[PDB]
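Structure data follow from data_14.txt (compact mmCIF, N, CA and C atoms):
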```txt
# COMPACT_ATOMS: atom_id res chain seq x y z
N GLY A 2 -9.17 21.74 -90.68
CA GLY A 2 -8.86 21.67 -89.26
C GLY A 2 -7.95 22.79 -88.81
N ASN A 3 -8.26 23.39 -87.66
CA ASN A 3 -7.46 24.48 -87.12
C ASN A 3 -7.15 24.25 -85.65
N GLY A 4 -5.87 24.39 -85.29
CA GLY A 4 -5.46 24.19 -83.92
C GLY A 4 -4.05 23.66 -83.80
N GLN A 5 -3.60 23.42 -82.57
CA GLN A 5 -2.26 22.91 -82.33
C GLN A 5 -2.30 21.44 -81.92
N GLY A 6 -2.06 20.56 -82.88
CA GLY A 6 -2.08 19.13 -82.60
C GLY A 6 -0.69 18.51 -82.66
N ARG A 7 -0.63 17.19 -82.54
CA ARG A 7 0.64 16.48 -82.59
C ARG A 7 1.40 16.80 -83.87
N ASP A 8 0.67 16.82 -84.99
CA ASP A 8 1.27 17.11 -86.29
C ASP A 8 1.74 18.56 -86.36
N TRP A 9 1.02 19.44 -85.67
CA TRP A 9 1.35 20.86 -85.66
C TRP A 9 2.64 21.10 -84.88
N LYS A 10 2.62 20.76 -83.59
CA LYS A 10 3.79 20.95 -82.74
C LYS A 10 5.01 20.25 -83.33
N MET A 11 4.80 19.06 -83.88
CA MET A 11 5.89 18.30 -84.48
C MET A 11 6.44 19.01 -85.71
N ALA A 12 5.56 19.66 -86.46
CA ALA A 12 5.96 20.38 -87.66
C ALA A 12 6.91 21.53 -87.32
N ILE A 13 6.56 22.28 -86.28
CA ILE A 13 7.39 23.41 -85.85
C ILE A 13 8.69 22.93 -85.23
N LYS A 14 8.61 21.88 -84.42
CA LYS A 14 9.79 21.32 -83.77
C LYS A 14 10.75 20.73 -84.79
N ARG A 15 10.20 20.14 -85.85
CA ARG A 15 11.01 19.54 -86.90
C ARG A 15 11.80 20.61 -87.65
N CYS A 16 11.09 21.57 -88.23
CA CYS A 16 11.72 22.65 -88.98
C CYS A 16 12.65 23.46 -88.09
N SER A 17 12.40 23.42 -86.78
CA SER A 17 13.21 24.16 -85.82
C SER A 17 14.68 23.78 -85.96
N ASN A 18 14.93 22.57 -86.45
CA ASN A 18 16.30 22.09 -86.63
C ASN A 18 16.77 22.32 -88.06
N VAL A 19 16.22 23.34 -88.71
CA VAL A 19 16.58 23.66 -90.08
C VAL A 19 17.25 25.03 -90.16
N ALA A 20 18.30 25.12 -90.97
CA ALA A 20 19.03 26.37 -91.14
C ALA A 20 18.38 27.24 -92.21
N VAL A 21 18.05 28.47 -91.85
CA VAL A 21 17.43 29.40 -92.79
C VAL A 21 18.47 30.28 -93.47
N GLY A 22 19.72 29.82 -93.47
CA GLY A 22 20.79 30.58 -94.09
C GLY A 22 21.77 29.70 -94.84
N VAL A 23 22.84 30.30 -95.34
CA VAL A 23 23.85 29.56 -96.09
C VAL A 23 24.59 28.57 -95.19
N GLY A 24 24.70 28.92 -93.91
CA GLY A 24 25.38 28.05 -92.97
C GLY A 24 24.66 27.96 -91.64
N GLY A 25 24.41 26.74 -91.18
CA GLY A 25 23.72 26.54 -89.92
C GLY A 25 24.63 26.78 -88.72
N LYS A 26 24.24 27.72 -87.87
CA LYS A 26 25.02 28.05 -86.69
C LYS A 26 24.12 28.58 -85.57
N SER A 27 23.54 29.76 -85.80
CA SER A 27 22.66 30.37 -84.81
C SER A 27 21.49 31.07 -85.50
N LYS A 28 20.94 30.43 -86.52
CA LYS A 28 19.81 30.99 -87.26
C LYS A 28 18.93 29.88 -87.82
N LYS A 29 18.27 29.15 -86.93
CA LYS A 29 17.39 28.06 -87.33
C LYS A 29 15.96 28.56 -87.55
N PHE A 30 15.07 27.66 -87.93
CA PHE A 30 13.68 28.01 -88.17
C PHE A 30 12.92 28.18 -86.85
N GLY A 31 11.95 29.08 -86.85
CA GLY A 31 11.17 29.32 -85.65
C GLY A 31 9.68 29.38 -85.93
N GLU A 32 8.88 29.36 -84.87
CA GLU A 32 7.42 29.40 -85.01
C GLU A 32 6.97 30.75 -85.56
N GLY A 33 7.56 31.83 -85.04
CA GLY A 33 7.20 33.16 -85.49
C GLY A 33 7.44 33.35 -86.98
N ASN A 34 8.61 32.92 -87.45
CA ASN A 34 8.96 33.05 -88.86
C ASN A 34 8.00 32.26 -89.73
N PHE A 35 7.70 31.03 -89.31
CA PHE A 35 6.79 30.17 -90.06
C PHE A 35 5.45 30.87 -90.30
N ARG A 36 4.94 31.52 -89.27
CA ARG A 36 3.67 32.23 -89.37
C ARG A 36 3.75 33.35 -90.40
N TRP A 37 4.74 34.22 -90.25
CA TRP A 37 4.92 35.34 -91.18
C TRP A 37 4.98 34.84 -92.62
N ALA A 38 5.48 33.63 -92.80
CA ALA A 38 5.59 33.04 -94.13
C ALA A 38 4.26 32.43 -94.57
N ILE A 39 3.83 31.39 -93.86
CA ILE A 39 2.58 30.72 -94.18
C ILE A 39 1.44 31.72 -94.32
N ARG A 40 1.49 32.78 -93.53
CA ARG A 40 0.46 33.82 -93.57
C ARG A 40 0.63 34.71 -94.80
N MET A 41 1.81 35.29 -94.94
CA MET A 41 2.10 36.16 -96.07
C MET A 41 1.83 35.45 -97.39
N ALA A 42 2.13 34.16 -97.44
CA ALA A 42 1.91 33.36 -98.64
C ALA A 42 0.43 33.10 -98.86
N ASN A 43 -0.28 32.80 -97.78
CA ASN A 43 -1.71 32.52 -97.86
C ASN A 43 -2.48 33.74 -98.36
N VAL A 44 -2.30 34.87 -97.67
CA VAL A 44 -2.97 36.11 -98.04
C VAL A 44 -2.57 36.55 -99.44
N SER A 45 -1.30 36.33 -99.78
CA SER A 45 -0.78 36.72 -101.09
C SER A 45 -1.48 35.93 -102.20
N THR A 46 -1.98 34.75 -101.86
CA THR A 46 -2.68 33.91 -102.82
C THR A 46 -4.18 34.11 -102.75
N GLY A 47 -4.60 35.28 -102.28
CA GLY A 47 -6.02 35.58 -102.17
C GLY A 47 -6.77 34.51 -101.40
N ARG A 48 -6.07 33.82 -100.50
CA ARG A 48 -6.69 32.77 -99.70
C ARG A 48 -7.08 33.29 -98.32
N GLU A 49 -8.21 32.81 -97.82
CA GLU A 49 -8.70 33.24 -96.51
C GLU A 49 -7.62 33.09 -95.45
N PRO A 50 -7.75 33.86 -94.36
CA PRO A 50 -6.79 33.85 -93.25
C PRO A 50 -6.85 32.54 -92.46
N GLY A 51 -8.04 31.96 -92.38
CA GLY A 51 -8.20 30.71 -91.65
C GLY A 51 -7.93 29.50 -92.51
N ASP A 52 -6.80 29.51 -93.21
CA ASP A 52 -6.43 28.39 -94.07
C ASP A 52 -5.29 27.59 -93.46
N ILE A 53 -5.63 26.67 -92.57
CA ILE A 53 -4.64 25.83 -91.91
C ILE A 53 -4.79 24.37 -92.32
N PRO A 54 -4.38 24.05 -93.56
CA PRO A 54 -4.46 22.69 -94.09
C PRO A 54 -3.48 21.75 -93.42
N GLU A 55 -3.38 20.53 -93.95
CA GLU A 55 -2.47 19.53 -93.40
C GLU A 55 -2.36 18.33 -94.33
N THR A 56 -2.07 18.59 -95.60
CA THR A 56 -1.94 17.53 -96.59
C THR A 56 -0.88 17.88 -97.62
N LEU A 57 -0.07 16.89 -98.00
CA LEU A 57 0.99 17.09 -98.98
C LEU A 57 0.44 17.74 -100.24
N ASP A 58 -0.81 17.42 -100.58
CA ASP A 58 -1.45 17.97 -101.76
C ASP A 58 -1.69 19.47 -101.60
N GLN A 59 -2.06 19.88 -100.39
CA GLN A 59 -2.32 21.28 -100.10
C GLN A 59 -1.03 22.10 -100.15
N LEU A 60 0.01 21.59 -99.50
CA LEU A 60 1.30 22.28 -99.47
C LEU A 60 1.86 22.44 -100.88
N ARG A 61 1.91 21.34 -101.62
CA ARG A 61 2.43 21.36 -102.98
C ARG A 61 1.66 22.37 -103.84
N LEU A 62 0.35 22.40 -103.66
CA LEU A 62 -0.50 23.32 -104.42
C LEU A 62 -0.19 24.77 -104.05
N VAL A 63 -0.25 25.08 -102.76
CA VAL A 63 0.03 26.43 -102.29
C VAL A 63 1.39 26.92 -102.79
N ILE A 64 2.38 26.03 -102.76
CA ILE A 64 3.72 26.37 -103.21
C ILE A 64 3.74 26.68 -104.71
N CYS A 65 2.94 25.94 -105.46
CA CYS A 65 2.86 26.13 -106.91
C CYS A 65 2.32 27.52 -107.24
N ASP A 66 1.19 27.87 -106.65
CA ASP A 66 0.57 29.17 -106.88
C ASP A 66 1.52 30.30 -106.52
N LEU A 67 2.22 30.14 -105.40
CA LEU A 67 3.16 31.15 -104.93
C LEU A 67 4.31 31.32 -105.92
N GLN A 68 4.69 30.22 -106.57
CA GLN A 68 5.77 30.25 -107.54
C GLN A 68 5.39 31.09 -108.76
N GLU A 69 4.21 30.83 -109.30
CA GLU A 69 3.73 31.57 -110.47
C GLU A 69 3.68 33.07 -110.18
N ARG A 70 3.07 33.43 -109.06
CA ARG A 70 2.95 34.83 -108.67
C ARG A 70 4.31 35.41 -108.29
N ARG A 71 5.20 34.55 -107.79
CA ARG A 71 6.53 34.98 -107.39
C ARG A 71 7.32 35.50 -108.59
N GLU A 72 7.17 34.82 -109.73
CA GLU A 72 7.87 35.22 -110.95
C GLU A 72 7.23 36.46 -111.56
N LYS A 73 5.92 36.41 -111.77
CA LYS A 73 5.19 37.54 -112.34
C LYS A 73 5.44 38.81 -111.54
N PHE A 74 5.74 38.65 -110.26
CA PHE A 74 6.00 39.79 -109.39
C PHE A 74 7.50 40.06 -109.28
N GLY A 75 8.30 39.03 -109.52
CA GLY A 75 9.74 39.17 -109.44
C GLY A 75 10.32 38.54 -108.20
N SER A 76 11.65 38.40 -108.17
CA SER A 76 12.33 37.80 -107.03
C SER A 76 12.45 38.80 -105.88
N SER A 77 12.04 38.38 -104.69
CA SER A 77 12.11 39.24 -103.51
C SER A 77 12.40 38.42 -102.26
N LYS A 78 13.08 39.04 -101.30
CA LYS A 78 13.43 38.38 -100.05
C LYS A 78 12.17 37.97 -99.28
N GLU A 79 11.10 38.73 -99.46
CA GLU A 79 9.84 38.44 -98.78
C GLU A 79 9.13 37.26 -99.44
N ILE A 80 8.98 37.32 -100.76
CA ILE A 80 8.32 36.26 -101.50
C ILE A 80 9.14 34.97 -101.47
N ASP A 81 10.46 35.12 -101.38
CA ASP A 81 11.36 33.97 -101.34
C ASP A 81 11.22 33.22 -100.02
N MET A 82 11.37 33.95 -98.91
CA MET A 82 11.26 33.35 -97.59
C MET A 82 9.91 32.65 -97.42
N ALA A 83 8.85 33.30 -97.88
CA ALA A 83 7.51 32.75 -97.78
C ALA A 83 7.42 31.40 -98.49
N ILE A 84 7.88 31.36 -99.73
CA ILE A 84 7.85 30.13 -100.52
C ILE A 84 8.72 29.05 -99.88
N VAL A 85 9.98 29.37 -99.65
CA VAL A 85 10.91 28.43 -99.04
C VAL A 85 10.34 27.85 -97.75
N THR A 86 9.51 28.63 -97.07
CA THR A 86 8.89 28.19 -95.83
C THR A 86 7.85 27.11 -96.08
N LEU A 87 6.91 27.40 -96.97
CA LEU A 87 5.85 26.44 -97.31
C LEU A 87 6.44 25.11 -97.76
N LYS A 88 7.62 25.17 -98.37
CA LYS A 88 8.30 23.96 -98.84
C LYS A 88 8.99 23.24 -97.69
N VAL A 89 10.00 23.88 -97.11
CA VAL A 89 10.74 23.29 -96.00
C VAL A 89 9.80 22.81 -94.91
N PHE A 90 8.66 23.49 -94.76
CA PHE A 90 7.68 23.13 -93.75
C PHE A 90 6.86 21.93 -94.20
N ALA A 91 6.47 21.92 -95.47
CA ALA A 91 5.68 20.83 -96.03
C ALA A 91 6.41 19.50 -95.89
N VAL A 92 7.70 19.50 -96.23
CA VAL A 92 8.51 18.29 -96.14
C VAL A 92 8.84 17.95 -94.69
N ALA A 93 9.14 18.99 -93.90
CA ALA A 93 9.47 18.80 -92.50
C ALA A 93 8.23 18.49 -91.67
N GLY A 94 7.06 18.58 -92.31
CA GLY A 94 5.82 18.31 -91.62
C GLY A 94 5.06 17.14 -92.22
N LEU A 95 4.47 17.36 -93.39
CA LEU A 95 3.71 16.32 -94.07
C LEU A 95 4.60 15.12 -94.38
N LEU A 96 5.90 15.35 -94.44
CA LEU A 96 6.86 14.29 -94.73
C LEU A 96 7.73 14.00 -93.51
N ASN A 97 7.62 14.85 -92.49
CA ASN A 97 8.40 14.68 -91.27
C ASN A 97 9.88 14.50 -91.59
N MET A 98 10.32 15.12 -92.67
CA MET A 98 11.72 15.03 -93.09
C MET A 98 12.46 16.33 -92.77
N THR A 99 13.42 16.25 -91.86
CA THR A 99 14.21 17.41 -91.47
C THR A 99 15.28 17.73 -92.50
N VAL A 100 15.21 18.92 -93.07
CA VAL A 100 16.17 19.35 -94.08
C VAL A 100 17.34 20.10 -93.44
N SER A 101 18.49 20.06 -94.10
CA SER A 101 19.68 20.74 -93.60
C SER A 101 19.50 22.25 -93.63
N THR A 102 18.99 22.76 -94.75
CA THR A 102 18.76 24.19 -94.91
C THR A 102 17.49 24.46 -95.70
N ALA A 103 16.89 25.62 -95.46
CA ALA A 103 15.67 26.01 -96.16
C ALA A 103 15.82 25.87 -97.67
N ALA A 104 17.01 26.22 -98.17
CA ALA A 104 17.29 26.13 -99.59
C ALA A 104 17.23 24.69 -100.08
N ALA A 105 17.91 23.80 -99.36
CA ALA A 105 17.93 22.39 -99.72
C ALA A 105 16.53 21.81 -99.76
N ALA A 106 15.65 22.34 -98.92
CA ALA A 106 14.27 21.88 -98.86
C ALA A 106 13.51 22.23 -100.13
N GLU A 107 13.49 23.52 -100.46
CA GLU A 107 12.79 23.99 -101.65
C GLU A 107 13.38 23.36 -102.91
N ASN A 108 14.70 23.20 -102.92
CA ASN A 108 15.39 22.60 -104.06
C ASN A 108 14.90 21.18 -104.31
N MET A 109 14.79 20.40 -103.24
CA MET A 109 14.33 19.02 -103.34
C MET A 109 12.86 18.96 -103.73
N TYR A 110 12.08 19.92 -103.22
CA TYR A 110 10.65 19.97 -103.52
C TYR A 110 10.41 20.08 -105.02
N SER A 111 11.16 20.95 -105.68
CA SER A 111 11.02 21.15 -107.11
C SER A 111 11.80 20.09 -107.88
N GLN A 112 12.95 19.70 -107.34
CA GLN A 112 13.79 18.69 -107.97
C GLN A 112 13.09 17.34 -108.02
N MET A 113 12.25 17.08 -107.02
CA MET A 113 11.51 15.83 -106.95
C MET A 113 10.35 15.82 -107.94
N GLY A 114 9.99 17.00 -108.43
CA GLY A 114 8.90 17.11 -109.38
C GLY A 114 7.60 17.54 -108.72
N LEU A 115 7.71 18.17 -107.56
CA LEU A 115 6.53 18.63 -106.83
C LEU A 115 6.17 20.05 -107.23
N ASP A 116 7.18 20.90 -107.36
CA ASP A 116 6.97 22.29 -107.75
C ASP A 116 7.07 22.46 -109.26
N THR A 117 6.01 22.07 -109.97
CA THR A 117 5.98 22.17 -111.42
C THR A 117 5.95 23.63 -111.87
N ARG A 118 5.94 23.84 -113.18
CA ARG A 118 5.92 25.18 -113.74
C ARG A 118 4.66 25.41 -114.57
N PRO A 119 3.52 25.55 -113.88
CA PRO A 119 2.22 25.77 -114.54
C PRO A 119 2.13 27.15 -115.18
```
Let me see whether you can do it: turn the structure in this file into structure tokens.
Amino acid sequence: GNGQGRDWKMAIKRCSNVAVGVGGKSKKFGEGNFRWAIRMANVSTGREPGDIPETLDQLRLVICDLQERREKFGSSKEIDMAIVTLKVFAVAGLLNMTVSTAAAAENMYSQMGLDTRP
């Protein structure tokens, strides 16, 4: 499915209340940033451009693949933001759970046992 639905708008609005830094003040999540991430991550995974899923299974999977390639390629601000996005977004969307910070989101994603090490 592709388009802007209740789950879509809600996903962006939810993460919108998330801090993308060490301290929440004037740098929350935005729609533009989400795209640059979800997109950069999608294309980076050799996945078609029209890949707009909407399932916890899809998010967890996409995040897993990005993790493997993230290491083999090394740690980068670009690859990091992209991954942290798919996570904070997956939980803030598929789980409708608003996280305090992008870091806390990704941390819980892997800490919960979602981001395995394949």
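The neighbours of residue A:86 here are the residues that come within 8 Å of it, using all atoms listed in the file and leaving out any residue fewer than 2 positions away in the same chain; they are residues 34, 35, 38, 39, 80, 81, 82, 83, 84, 88, 89, 90, 91, 92, 103, 104 and 107 of chain A.
The two atoms in question, atom CA of residue A:57 and atom CA of residue A:26, are spaced 29.1 Å apart.
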(message) I'd like to know which of A:94, A:100, A:75, A:62 is closest to residue A:116, using all atoms listed in the file.
(response) A:62
(request) Find the residues around residue A:51 up to 8 Å (only N, CA and C atoms counted), leave out those fewer than 3 positions away in its own chain, and share them as a PyMOL selection string. (result) chain A and resi 2-3+48+54
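With atom C of residue A:70 on one side and atom C of residue A:33 on the other, the separation reads 21.6 Å.
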Which polymer residues have any atom within 8 Å of an atom of residue A:118, counting only N, CA and C atoms, with same-chain residues fewer than 2 positions away left out, as a tab-separated table (two decimals) with N, CA and C atoms, in the frame of the given file?
```tsv
chain	number	residue	atom	x	y	z
A	65	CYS	N	2.94	25.94	-105.46
A	65	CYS	CA	2.86	26.13	-106.91
A	65	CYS	C	2.32	27.52	-107.24
A	68	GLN	N	4.69	30.22	-106.57
A	68	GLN	CA	5.77	30.25	-107.54
A	68	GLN	C	5.39	31.09	-108.76
A	69	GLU	N	4.21	30.83	-109.30
A	69	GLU	CA	3.73	31.57	-110.47
A	69	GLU	C	3.68	33.07	-110.18
A	114	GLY	N	9.99	17.00	-108.43
A	114	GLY	CA	8.90	17.11	-109.38
A	114	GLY	C	7.60	17.54	-108.72
A	115	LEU	N	7.71	18.17	-107.56
A	115	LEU	CA	6.53	18.63	-106.83
A	115	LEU	C	6.17	20.05	-107.23
A	116	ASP	N	7.18	20.90	-107.36
A	116	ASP	CA	6.97	22.29	-107.75
A	116	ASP	C	7.07	22.46	-109.26
```
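Picture a line from atom CA of residue A:96 to atom CA of residue A:72; it runs 26.5 Å.
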(request) Tell me which of A:77, A:56, A:112, A:5 sits closest to residue A:95, counting only C-alpha atoms. (result) A:56
Taking the DSSP secondary structure from the backbone, can you list the residues of chain A that are helix (DSSP H, G or I), as a compact mmCIF listing (two decimals) with N, CA and C atoms, in the frame of the given file?
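What landed in result.txt:
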```txt
# COMPACT_ATOMS: atom_id res chain seq x y z
N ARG A 7 -0.63 17.19 -82.54
CA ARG A 7 0.64 16.48 -82.59
C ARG A 7 1.40 16.80 -83.87
N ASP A 8 0.67 16.82 -84.99
CA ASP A 8 1.27 17.11 -86.29
C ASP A 8 1.74 18.56 -86.36
N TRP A 9 1.02 19.44 -85.67
CA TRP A 9 1.35 20.86 -85.66
C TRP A 9 2.64 21.10 -84.88
N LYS A 10 2.62 20.76 -83.59
CA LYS A 10 3.79 20.95 -82.74
C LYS A 10 5.01 20.25 -83.33
N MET A 11 4.80 19.06 -83.88
CA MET A 11 5.89 18.30 -84.48
C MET A 11 6.44 19.01 -85.71
N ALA A 12 5.56 19.66 -86.46
CA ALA A 12 5.96 20.38 -87.66
C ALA A 12 6.91 21.53 -87.32
N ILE A 13 6.56 22.28 -86.28
CA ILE A 13 7.39 23.41 -85.85
C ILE A 13 8.69 22.93 -85.23
N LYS A 14 8.61 21.88 -84.42
CA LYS A 14 9.79 21.32 -83.77
C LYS A 14 10.75 20.73 -84.79
N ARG A 15 10.20 20.14 -85.85
CA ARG A 15 11.01 19.54 -86.90
C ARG A 15 11.80 20.61 -87.65
N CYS A 16 11.09 21.57 -88.23
CA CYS A 16 11.72 22.65 -88.98
C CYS A 16 12.65 23.46 -88.09
N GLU A 32 8.88 29.36 -84.87
CA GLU A 32 7.42 29.40 -85.01
C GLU A 32 6.97 30.75 -85.56
N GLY A 33 7.56 31.83 -85.04
CA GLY A 33 7.20 33.16 -85.49
C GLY A 33 7.44 33.35 -86.98
N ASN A 34 8.61 32.92 -87.45
CA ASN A 34 8.96 33.05 -88.86
C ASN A 34 8.00 32.26 -89.73
N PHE A 35 7.70 31.03 -89.31
CA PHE A 35 6.79 30.17 -90.06
C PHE A 35 5.45 30.87 -90.30
N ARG A 36 4.94 31.52 -89.27
CA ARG A 36 3.67 32.23 -89.37
C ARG A 36 3.75 33.35 -90.40
N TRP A 37 4.74 34.22 -90.25
CA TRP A 37 4.92 35.34 -91.18
C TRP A 37 4.98 34.84 -92.62
N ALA A 38 5.48 33.63 -92.80
CA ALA A 38 5.59 33.04 -94.13
C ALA A 38 4.26 32.43 -94.57
N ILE A 39 3.83 31.39 -93.86
CA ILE A 39 2.58 30.72 -94.18
C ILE A 39 1.44 31.72 -94.32
N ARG A 40 1.49 32.78 -93.53
CA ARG A 40 0.46 33.82 -93.57
C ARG A 40 0.63 34.71 -94.80
N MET A 41 1.81 35.29 -94.94
CA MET A 41 2.10 36.16 -96.07
C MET A 41 1.83 35.45 -97.39
N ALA A 42 2.13 34.16 -97.44
CA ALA A 42 1.91 33.36 -98.64
C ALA A 42 0.43 33.10 -98.86
N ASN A 43 -0.28 32.80 -97.78
CA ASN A 43 -1.71 32.52 -97.86
C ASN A 43 -2.48 33.74 -98.36
N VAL A 44 -2.30 34.87 -97.67
CA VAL A 44 -2.97 36.11 -98.04
C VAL A 44 -2.57 36.55 -99.44
N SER A 45 -1.30 36.33 -99.78
CA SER A 45 -0.78 36.72 -101.09
C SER A 45 -1.48 35.93 -102.20
N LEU A 57 -0.07 16.89 -98.00
CA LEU A 57 0.99 17.09 -98.98
C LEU A 57 0.44 17.74 -100.24
N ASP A 58 -0.81 17.42 -100.58
CA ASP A 58 -1.45 17.97 -101.76
C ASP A 58 -1.69 19.47 -101.60
N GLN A 59 -2.06 19.88 -100.39
CA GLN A 59 -2.32 21.28 -100.10
C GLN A 59 -1.03 22.10 -100.15
N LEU A 60 0.01 21.59 -99.50
CA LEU A 60 1.30 22.28 -99.47
C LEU A 60 1.86 22.44 -100.88
N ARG A 61 1.91 21.34 -101.62
CA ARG A 61 2.43 21.36 -102.98
C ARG A 61 1.66 22.37 -103.84
N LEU A 62 0.35 22.40 -103.66
CA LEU A 62 -0.50 23.32 -104.42
C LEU A 62 -0.19 24.77 -104.05
N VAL A 63 -0.25 25.08 -102.76
CA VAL A 63 0.03 26.43 -102.29
C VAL A 63 1.39 26.92 -102.79
N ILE A 64 2.38 26.03 -102.76
CA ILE A 64 3.72 26.37 -103.21
C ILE A 64 3.74 26.68 -104.71
N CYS A 65 2.94 25.94 -105.46
CA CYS A 65 2.86 26.13 -106.91
C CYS A 65 2.32 27.52 -107.24
N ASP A 66 1.19 27.87 -106.65
CA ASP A 66 0.57 29.17 -106.88
C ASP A 66 1.52 30.30 -106.52
N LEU A 67 2.22 30.14 -105.40
CA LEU A 67 3.16 31.15 -104.93
C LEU A 67 4.31 31.32 -105.92
N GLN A 68 4.69 30.22 -106.57
CA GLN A 68 5.77 30.25 -107.54
C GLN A 68 5.39 31.09 -108.76
N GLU A 69 4.21 30.83 -109.30
CA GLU A 69 3.73 31.57 -110.47
C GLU A 69 3.68 33.07 -110.18
N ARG A 70 3.07 33.43 -109.06
CA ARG A 70 2.95 34.83 -108.67
C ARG A 70 4.31 35.41 -108.29
N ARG A 71 5.20 34.55 -107.79
CA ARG A 71 6.53 34.98 -107.39
C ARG A 71 7.32 35.50 -108.59
N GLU A 72 7.17 34.82 -109.73
CA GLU A 72 7.87 35.22 -110.95
C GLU A 72 7.23 36.46 -111.56
N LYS A 73 5.92 36.41 -111.77
CA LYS A 73 5.19 37.54 -112.34
C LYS A 73 5.44 38.81 -111.54
N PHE A 74 5.74 38.65 -110.26
CA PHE A 74 6.00 39.79 -109.39
C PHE A 74 7.50 40.06 -109.28
N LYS A 78 13.08 39.04 -101.30
CA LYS A 78 13.43 38.38 -100.05
C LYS A 78 12.17 37.97 -99.28
N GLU A 79 11.10 38.73 -99.46
CA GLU A 79 9.84 38.44 -98.78
C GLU A 79 9.13 37.26 -99.44
N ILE A 80 8.98 37.32 -100.76
CA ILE A 80 8.32 36.26 -101.50
C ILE A 80 9.14 34.97 -101.47
N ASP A 81 10.46 35.12 -101.38
CA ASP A 81 11.36 33.97 -101.34
C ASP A 81 11.22 33.22 -100.02
N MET A 82 11.37 33.95 -98.91
CA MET A 82 11.26 33.35 -97.59
C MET A 82 9.91 32.65 -97.42
N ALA A 83 8.85 33.30 -97.88
CA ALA A 83 7.51 32.75 -97.78
C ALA A 83 7.42 31.40 -98.49
N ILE A 84 7.88 31.36 -99.73
CA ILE A 84 7.85 30.13 -100.52
C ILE A 84 8.72 29.05 -99.88
N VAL A 85 9.98 29.37 -99.65
CA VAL A 85 10.91 28.43 -99.04
C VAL A 85 10.34 27.85 -97.75
N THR A 86 9.51 28.63 -97.07
CA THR A 86 8.89 28.19 -95.83
C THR A 86 7.85 27.11 -96.08
N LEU A 87 6.91 27.40 -96.97
CA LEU A 87 5.85 26.44 -97.31
C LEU A 87 6.44 25.11 -97.76
N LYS A 88 7.62 25.17 -98.37
CA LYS A 88 8.30 23.96 -98.84
C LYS A 88 8.99 23.24 -97.69
N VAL A 89 10.00 23.88 -97.11
CA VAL A 89 10.74 23.29 -96.00
C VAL A 89 9.80 22.81 -94.91
N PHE A 90 8.66 23.49 -94.76
CA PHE A 90 7.68 23.13 -93.75
C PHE A 90 6.86 21.93 -94.20
N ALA A 91 6.47 21.92 -95.47
CA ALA A 91 5.68 20.83 -96.03
C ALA A 91 6.41 19.50 -95.89
N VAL A 92 7.70 19.50 -96.23
CA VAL A 92 8.51 18.29 -96.14
C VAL A 92 8.84 17.95 -94.69
N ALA A 93 9.14 18.99 -93.90
CA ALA A 93 9.47 18.80 -92.50
C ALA A 93 8.23 18.49 -91.67
N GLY A 94 7.06 18.58 -92.31
CA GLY A 94 5.82 18.31 -91.62
C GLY A 94 5.06 17.14 -92.22
N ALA A 103 16.89 25.62 -95.46
CA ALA A 103 15.67 26.01 -96.16
C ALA A 103 15.82 25.87 -97.67
N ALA A 104 17.01 26.22 -98.17
CA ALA A 104 17.29 26.13 -99.59
C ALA A 104 17.23 24.69 -100.08
N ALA A 105 17.91 23.80 -99.36
CA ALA A 105 17.93 22.39 -99.72
C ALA A 105 16.53 21.81 -99.76
N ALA A 106 15.65 22.34 -98.92
CA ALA A 106 14.27 21.88 -98.86
C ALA A 106 13.51 22.23 -100.13
N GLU A 107 13.49 23.52 -100.46
CA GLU A 107 12.79 23.99 -101.65
C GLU A 107 13.38 23.36 -102.91
N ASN A 108 14.70 23.20 -102.92
CA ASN A 108 15.39 22.60 -104.06
C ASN A 108 14.90 21.18 -104.31
N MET A 109 14.79 20.40 -103.24
CA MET A 109 14.33 19.02 -103.34
C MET A 109 12.86 18.96 -103.73
N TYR A 110 12.08 19.92 -103.22
CA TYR A 110 10.65 19.97 -103.52
C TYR A 110 10.41 20.08 -105.02
N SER A 111 11.16 20.95 -105.68
CA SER A 111 11.02 21.15 -107.11
C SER A 111 11.80 20.09 -107.88
N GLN A 112 12.95 19.70 -107.34
CA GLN A 112 13.79 18.69 -107.97
C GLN A 112 13.09 17.34 -108.02
```
(request) Could you give me, as a PyMOL selection string, the residues within 8 Å of residue A:29, counting all atoms listed in the file and dropping anything in the same chain fewer than 4 positions from it? (result) chain A and resi 16-22+25
(message) Show me, as a PyMOL selection string, the residues that have an atom within 8 Å of residue A:50 when counting all atoms listed in the file, minus same-chain residues fewer than 4 positions from it.
(response) chain A and resi 40+43-44
Starting from the incomplete input, reconstruct N, CA, C and O atoms of stretch 35-39 of chain A and report them as a compact mmCIF listing (two decimals), keeping the file's coordinate frame.
```
# COMPACT_ATOMS: atom_id res chain seq x y z
N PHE A 35 7.70 31.03 -89.31
CA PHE A 35 6.79 30.17 -90.06
C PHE A 35 5.45 30.87 -90.30
O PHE A 35 4.90 30.81 -91.40
N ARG A 36 4.94 31.52 -89.27
CA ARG A 36 3.67 32.23 -89.37
C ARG A 36 3.75 33.35 -90.40
O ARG A 36 2.93 33.41 -91.32
N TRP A 37 4.74 34.22 -90.25
CA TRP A 37 4.92 35.34 -91.18
C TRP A 37 4.98 34.84 -92.62
O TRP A 37 4.58 35.55 -93.54
N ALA A 38 5.48 33.63 -92.80
CA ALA A 38 5.59 33.04 -94.13
C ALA A 38 4.26 32.43 -94.57
O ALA A 38 3.65 32.88 -95.53
N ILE A 39 3.83 31.39 -93.86
CA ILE A 39 2.58 30.72 -94.18
C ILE A 39 1.44 31.72 -94.32
O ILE A 39 0.53 31.52 -95.12
```
